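Some notes on the structure that comes next.
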Amino acid sequence: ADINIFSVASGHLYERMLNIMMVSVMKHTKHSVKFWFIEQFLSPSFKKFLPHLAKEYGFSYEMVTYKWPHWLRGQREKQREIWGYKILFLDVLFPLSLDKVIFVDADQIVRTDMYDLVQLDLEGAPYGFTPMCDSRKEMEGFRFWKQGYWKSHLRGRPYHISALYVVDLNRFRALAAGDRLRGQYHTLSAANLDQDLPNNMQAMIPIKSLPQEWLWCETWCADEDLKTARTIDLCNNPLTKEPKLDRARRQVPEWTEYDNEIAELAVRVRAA
Ligand SMILES: O=c1ccn([C@@H]2O[C@H](COP(=O)(O)OP(=O)(O)O[C@H]3O[C@H](CO)[C@@H](O)[C@H](O)[C@H]3O)[C@@H](O)[C@H]2O)c(=O)[nH]1
Ligand SMILES: [Ca+2]
């Protein structure tokens, strides 16, 4: 397919949002799209509905059955296991026939043609991530990456949010980035695994910083930049603690539209 998107998450609300993420992608492209999931992290109900969603919205999909290898230290906590599946297996989840894959968070709403991200020049980097926004200045106290360990360690590189990333799998494989990430994981495994690990290894495994418009989250990013945002992440706000759905329905007018459309499809599938 032209566009290849990977997502992984757990839970009922995240499955509901995952369907909305997929629909949002299809509403903004005419290029072909394949979604890649990890079989064990989708509920039976989700897996039964998926072929119906695919036929309605004109995408293909694959459920991968890759299991955490015995030689790699596991994670007892589900959230951390899922973070491992996001970042530790990019060279092994996907076949060598695949040139590129994009991780999109299940809570995202896309407002752009994702083929633009496929075509974006990564300047030799094995992957590209969006920097955390500086624009909402009133949240500076929560920008942990601008002080202490991160300020000195980054030596002027951005700290990037892990909600969205494009992986040039040819470059990633050539650099043995998967081995390098797993190697650092083993050393460090003796906080936010999916985000801290790639941000920590930029000197060895570089990140191309995507233009800021690629990922807007209200927590970090100014109101004025919503109108130009290509994708929205519903990232949590440590100040307000505003609930996830309230953020979704408040921030994103089309969220309800997509949710309703999918629900109506489910009603018809069940009626038949
Ligand atoms: O019901 C849930 C709740 C969370 N998660 C996952 O748990 C992590 C934390 O997510 P969440 O509590 O919703 O916070 P967010 O603020 O949306 O997460 C932001 O920060 C995380 C790193 O801390 C990144 O993984 C996300 O991409 C980024 O959007 C993420 O991997 C989620 O996908 C689930 O799978 N199911
Ligand atoms: Ca998110």
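Ordered as shown in the structure tokens, chains take letters A, B, and onward, while each chain numbers its residues from 1 and ligands are numbered from 1 in the order shown.
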field: Close residues to ligand 2 using only C-alpha atoms and all ligand atoms, limit 7 Å, as number ranges by chain
entry: A: 105-108, 163, 233-235
Take the residues from that selection and put them in a file with C-alpha atoms, as a short mmCIF file (atom, residue, chain, number, x, y, z; two decimals), in the first residue's frame.
data_model
loop_
_atom_site.label_atom_id
_atom_site.label_comp_id
_atom_site.auth_asym_id
_atom_site.auth_seq_id
_atom_site.Cartn_x
_atom_site.Cartn_y
_atom_site.Cartn_z
CA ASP A 105 -1.59 6.88 18.27
CA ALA A 106 -5.04 5.31 18.61
CA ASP A 107 -6.29 8.56 20.18
CA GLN A 108 -5.27 10.67 17.19
CA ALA A 163 2.41 9.83 19.44
CA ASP A 233 -3.06 13.94 19.72
CA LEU A 234 -5.35 13.92 22.77
CA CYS A 235 -2.39 14.00 25.15
#
task: Compute the set of protein, DNA and RNA residues whose minimum atom distance to ligand 1 is at most 8 Å, using only C-alpha atoms and all ligand atoms, and state it as a PyMOL selection string.
output: chain A and resi 8-14+79+82-83+105-107+161-164+192-195+233-237+244
Pick out the residues sitting within 8 Å of residue 169 of chain A, and hand them over as a JSON list (two decimals) with N, CA and C atoms, in the first residue's frame; count only C-alpha atoms, and ignore anything fewer than 4 positions along from it in its own chain.
[["chain", "number", "residue", "atom", "x", "y", "z"],
["A", 90, "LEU", "N", 10.85, -2.60, 15.60],
["A", 90, "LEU", "CA", 10.51, -1.98, 14.31],
["A", 90, "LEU", "C", 11.12, -2.73, 13.13],
["A", 91, "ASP", "N", 12.26, -3.38, 13.38],
["A", 91, "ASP", "CA", 12.96, -4.21, 12.39],
["A", 91, "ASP", "C", 12.44, -5.63, 12.26],
["A", 98, "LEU", "N", 8.43, -4.25, 3.20],
["A", 98, "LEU", "CA", 7.88, -2.95, 3.59],
["A", 98, "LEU", "C", 9.00, -1.92, 3.74],
["A", 99, "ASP", "N", 8.89, -0.81, 3.01],
["A", 99, "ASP", "CA", 9.89, 0.28, 2.95],
["A", 99, "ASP", "C", 9.74, 1.27, 4.11],
["A", 100, "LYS", "N", 8.49, 1.45, 4.56],
["A", 100, "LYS", "CA", 8.18, 2.55, 5.48],
["A", 100, "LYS", "C", 6.91, 2.26, 6.23],
["A", 101, "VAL", "N", 6.88, 2.65, 7.50],
["A", 101, "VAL", "CA", 5.67, 2.52, 8.31],
["A", 101, "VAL", "C", 5.57, 3.73, 9.22],
["A", 126, "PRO", "N", 16.78, 7.41, 10.40],
["A", 126, "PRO", "CA", 15.94, 6.21, 10.29],
["A", 126, "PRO", "C", 14.46, 6.47, 10.68],
["A", 173, "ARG", "N", 16.89, -0.55, 9.25],
["A", 173, "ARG", "CA", 17.56, -1.84, 9.11],
["A", 173, "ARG", "C", 19.07, -1.67, 8.84]]
field: Nearest residue to residue 69 of chain A from the set A:247, A:48, A:146, A:182 (distances using only C-alpha atoms)
entry: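 Closest candidate: A:182.
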Near segment 135-138 of chain A, 8 Å: segment 197-235 of chain A residue rows, closest pairs, only C-alpha atoms, as JSON lines:
{"residue": "A:219", "atom": "CA", "partner": "A:136", "partner_atom": "CA", "distance": 7.6}
{"residue": "A:220", "atom": "CA", "partner": "A:136", "partner_atom": "CA", "distance": 5.3}
{"residue": "A:221", "atom": "CA", "partner": "A:136", "partner_atom": "CA", "distance": 4.9}
{"residue": "A:222", "atom": "CA", "partner": "A:136", "partner_atom": "CA", "distance": 4.8}
Any chance you could export the current selection's C-alpha atoms as a short mmCIF file (atom, residue, chain, number, x, y, z; two decimals), in the first residue's frame?
data_model
loop_
_atom_site.label_atom_id
_atom_site.label_comp_id
_atom_site.auth_asym_id
_atom_site.auth_seq_id
_atom_site.Cartn_x
_atom_site.Cartn_y
_atom_site.Cartn_z
CA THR A 219 -1.47 20.49 26.56
CA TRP A 220 1.70 21.86 24.99
CA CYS A 221 0.58 23.76 21.92
CA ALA A 222 -1.12 27.16 21.55
#
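The residue that comes closest to residue 125 of chain A, out of A:232, A:139, A:205, A:188 and on the basis of only C-alpha atoms, is A:205.
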Between atom CA of residue 41 of chain A and atom CA of residue 65 of chain A - distance in Å to one decimal: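 Interatomic distance here is 10.0 Å.
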task: Per DSSP on the backbone, filter segment 123-189 of chain A down to the residues in helix (DSSP H, G or I) and report them as a PyMOL selection string.
output: chain A and resi 137-142+144-146+148-154+169-174+177-189
Please, could you write that set of residues out with C-alpha atoms as an mmCIF file, in the first residue's frame?
data_model
loop_
_atom_site.group_PDB
_atom_site.id
_atom_site.type_symbol
_atom_site.label_atom_id
_atom_site.label_comp_id
_atom_site.auth_asym_id
_atom_site.auth_seq_id
_atom_site.Cartn_x
_atom_site.Cartn_y
_atom_site.Cartn_z
ATOM 1 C CA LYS A 137 4.222 29.148 27.509
ATOM 2 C CA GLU A 138 2.020 28.800 30.609
ATOM 3 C CA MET A 139 2.898 25.057 30.720
ATOM 4 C CA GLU A 140 6.653 25.644 30.990
ATOM 5 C CA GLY A 141 6.854 24.187 34.497
ATOM 6 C CA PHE A 142 5.688 20.838 33.125
ATOM 7 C CA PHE A 144 10.598 18.350 32.088
ATOM 8 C CA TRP A 145 12.802 17.996 28.985
ATOM 9 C CA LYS A 146 13.975 21.671 29.218
ATOM 10 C CA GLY A 148 18.255 18.951 34.268
ATOM 11 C CA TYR A 149 19.219 15.632 32.690
ATOM 12 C CA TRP A 150 17.399 16.243 29.415
ATOM 13 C CA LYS A 151 18.725 19.791 28.784
ATOM 14 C CA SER A 152 22.346 18.708 29.215
ATOM 15 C CA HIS A 153 21.900 15.326 27.430
ATOM 16 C CA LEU A 154 20.068 16.602 24.361
ATOM 17 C CA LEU A 169 12.585 0.818 7.436
ATOM 18 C CA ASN A 170 15.390 0.576 4.869
ATOM 19 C CA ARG A 171 17.534 3.062 6.815
ATOM 20 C CA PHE A 172 16.453 1.652 10.186
ATOM 21 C CA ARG A 173 17.563 -1.843 9.109
ATOM 22 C CA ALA A 174 20.844 -0.541 7.572
ATOM 23 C CA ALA A 177 18.765 0.558 14.936
ATOM 24 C CA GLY A 178 16.600 -2.252 16.320
ATOM 25 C CA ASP A 179 19.660 -3.976 17.801
ATOM 26 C CA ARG A 180 20.892 -0.609 19.110
ATOM 27 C CA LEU A 181 17.519 0.216 20.723
ATOM 28 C CA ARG A 182 17.182 -3.243 22.260
ATOM 29 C CA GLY A 183 20.816 -2.994 23.484
ATOM 30 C CA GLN A 184 20.125 0.317 25.239
ATOM 31 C CA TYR A 185 16.820 -1.052 26.597
ATOM 32 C CA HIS A 186 18.666 -3.990 28.173
ATOM 33 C CA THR A 187 21.234 -1.681 29.781
ATOM 34 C CA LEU A 188 18.624 0.823 31.018
ATOM 35 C CA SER A 189 16.059 -1.923 31.978
#
task: Choose the residue, out of A:127, A:71, A:216, A:59, that has the smallest atom-to-atom separation from residue 102 of chain A; count only C-alpha atoms.
output: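 Selected residue with least distance to residue 102 of chain A: A:127.
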Determine, counting only C-alpha atoms, which protein, DNA and RNA residues have an atom within 12 Å of an atom of residue 30 of chain A; residues of the same chain fewer than 3 positions away are not included. Present the result as a compact mmCIF listing (two decimals) with C-alpha atoms, in the first residue's frame.
# COMPACT_ATOMS: atom_id res chain seq x y z
CA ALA A 1 0.00 0.00 0.00
CA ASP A 2 1.03 3.66 -0.49
CA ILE A 3 0.48 4.43 3.20
CA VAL A 25 -7.04 8.87 7.78
CA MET A 26 -9.35 7.59 5.01
CA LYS A 27 -11.33 10.84 4.87
CA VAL A 33 -3.77 2.47 3.05
CA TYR A 57 -13.64 2.52 4.44
CA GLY A 58 -11.48 0.97 1.69
CA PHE A 59 -8.34 -0.04 3.59
CA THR A 112 -4.11 15.60 6.38
CA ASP A 113 -3.14 13.26 3.59
CA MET A 114 -0.77 10.83 5.28
CA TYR A 115 0.99 10.25 1.96
CA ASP A 116 2.60 13.69 2.64
task: List the neighbours of residue 21 of chain A out to 6 Å using only C-alpha atoms; skip same-chain residues closer than 3 positions along the sequence, and give me the result as a PyMOL selection string.
output: chain A and resi 18+24+108-109
If you keep N, CA and C atoms, can you produce a file of those selected residues as a tab-separated table (two decimals), in the first residue's frame?
chain	number	residue	atom	x	y	z
A	18	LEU	N	-9.43	4.06	18.18
A	18	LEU	CA	-8.66	3.51	17.06
A	18	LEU	C	-9.50	3.47	15.78
A	24	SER	N	-10.50	8.72	10.13
A	24	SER	CA	-9.97	10.06	9.89
A	24	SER	C	-8.86	10.06	8.83
A	108	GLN	N	-5.47	9.56	18.11
A	108	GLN	CA	-5.27	10.67	17.19
A	108	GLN	C	-6.43	10.91	16.26
A	109	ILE	N	-6.55	12.16	15.81
A	109	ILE	CA	-7.44	12.51	14.71
A	109	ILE	C	-6.56	13.14	13.63
- request: Report as a ChimeraX atom specification: the residues of segment 104-262 of chain A with a DSSP assignment of strand (DSSP E), based on the backbone of this structure.
  value: /A:104,109-110,127-131,160-168,207-209,231-232
With N, CA, C and O atoms kept, could you save the residues just selected as a compact mmCIF listing (two decimals), in the first residue's frame?
# COMPACT_ATOMS: atom_id res chain seq x y z
N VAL A 104 0.82 5.74 14.40
CA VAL A 104 -0.18 6.78 14.74
C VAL A 104 -0.87 6.32 16.01
O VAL A 104 -1.38 5.21 16.08
N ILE A 109 -6.55 12.16 15.81
CA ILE A 109 -7.44 12.51 14.71
C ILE A 109 -6.56 13.14 13.63
O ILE A 109 -5.87 14.12 13.86
N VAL A 110 -6.60 12.53 12.45
CA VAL A 110 -5.86 12.97 11.28
C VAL A 110 -6.69 13.98 10.48
O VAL A 110 -7.90 13.78 10.28
N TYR A 127 14.19 7.53 11.44
CA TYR A 127 12.82 7.88 11.75
C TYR A 127 12.67 9.35 12.04
O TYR A 127 13.66 10.07 12.31
N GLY A 128 11.41 9.81 11.95
CA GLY A 128 11.05 11.20 12.18
C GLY A 128 9.93 11.29 13.19
O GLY A 128 8.96 10.54 13.13
N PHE A 129 10.07 12.24 14.09
CA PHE A 129 9.12 12.51 15.17
C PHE A 129 8.90 14.02 15.25
O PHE A 129 9.77 14.78 14.85
N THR A 130 7.78 14.45 15.80
CA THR A 130 7.52 15.87 15.99
C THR A 130 8.06 16.34 17.34
O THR A 130 7.82 15.70 18.36
N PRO A 131 8.76 17.50 17.36
CA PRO A 131 9.15 18.07 18.66
C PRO A 131 7.96 18.39 19.55
O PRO A 131 6.88 18.75 19.05
N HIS A 160 11.10 15.01 21.46
CA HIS A 160 9.97 14.72 20.58
C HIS A 160 8.89 13.90 21.26
O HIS A 160 9.17 13.01 22.06
N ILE A 161 7.64 14.17 20.88
CA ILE A 161 6.51 13.37 21.35
C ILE A 161 6.39 12.08 20.53
O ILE A 161 6.55 12.08 19.32
N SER A 162 6.07 10.98 21.21
CA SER A 162 6.06 9.66 20.56
C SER A 162 4.70 9.22 20.03
O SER A 162 4.52 8.06 19.67
N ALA A 163 3.74 10.16 19.93
CA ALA A 163 2.41 9.83 19.44
C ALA A 163 2.38 9.52 17.95
O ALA A 163 1.51 8.77 17.50
N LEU A 164 3.33 10.08 17.21
CA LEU A 164 3.38 9.96 15.75
C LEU A 164 4.83 9.82 15.36
O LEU A 164 5.65 10.63 15.76
N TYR A 165 5.15 8.83 14.55
CA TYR A 165 6.51 8.77 13.98
C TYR A 165 6.53 8.00 12.69
O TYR A 165 5.81 7.02 12.53
N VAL A 166 7.35 8.46 11.76
CA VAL A 166 7.54 7.78 10.47
C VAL A 166 8.89 7.08 10.51
O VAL A 166 9.89 7.66 10.94
N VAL A 167 8.89 5.81 10.10
CA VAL A 167 10.08 4.97 10.12
C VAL A 167 10.45 4.61 8.69
O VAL A 167 9.68 3.96 8.00
N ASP A 168 11.63 5.04 8.28
CA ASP A 168 12.25 4.56 7.03
C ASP A 168 12.88 3.21 7.35
O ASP A 168 13.95 3.13 7.94
N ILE A 207 16.98 11.34 14.92
CA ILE A 207 15.59 11.67 14.64
C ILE A 207 15.56 12.88 13.72
O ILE A 207 16.21 13.89 14.01
N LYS A 208 14.86 12.78 12.60
CA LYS A 208 14.49 13.96 11.81
C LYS A 208 13.30 14.62 12.49
O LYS A 208 12.27 13.97 12.68
N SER A 209 13.43 15.89 12.86
CA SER A 209 12.36 16.61 13.53
C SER A 209 11.34 17.06 12.50
O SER A 209 11.65 17.83 11.61
N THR A 231 -2.32 16.74 12.33
CA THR A 231 -2.89 15.68 13.16
C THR A 231 -2.98 16.22 14.58
O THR A 231 -2.21 17.13 14.98
N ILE A 232 -3.93 15.65 15.32
CA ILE A 232 -4.21 16.02 16.71
C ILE A 232 -3.96 14.79 17.57
O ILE A 232 -4.43 13.70 17.23
- request: Fewer than 5 positions away in the same chain doesn't count, so skip those; otherwise give me all residues within 12 Å of residue 246 of chain A, counting only C-alpha atoms, as a PyMOL selection string.
  value: chain A and resi 234+236-237+240-241+251-253+255-256
query: Leaving out residue 38 of chain A and any residue of its chain fewer than 6 positions from it, which residues lie within 9 Å of it when counting only C-alpha atoms, given as a VMD selection string?
result: chain A and resid 6 to 8 62 to 66 85 93
- line: Using only C-alpha atoms, the shortest atom-to-atom distance to residue 210 of chain A among A:242, A:257, A:272, A:123 belongs to A:123
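Distance-wise, atom CA of residue 37 of chain A and atom CA of residue 80 of chain A end up 16.9 Å apart.
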query: atom CA of residue 199 of chain A and atom CA of residue 35 of chain A, how far apart in Å?
result: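 Computed distance, atom CA of residue 35 of chain A to atom CA of residue 199 of chain A, equals 25.4 Å.
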query: Of the residues A:47, A:34, A:230, A:76, which is the one nearest to residue 22 of chain A, using only C-alpha atoms?
result: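 Distance minimum relative to residue 22 of chain A lands on A:34.
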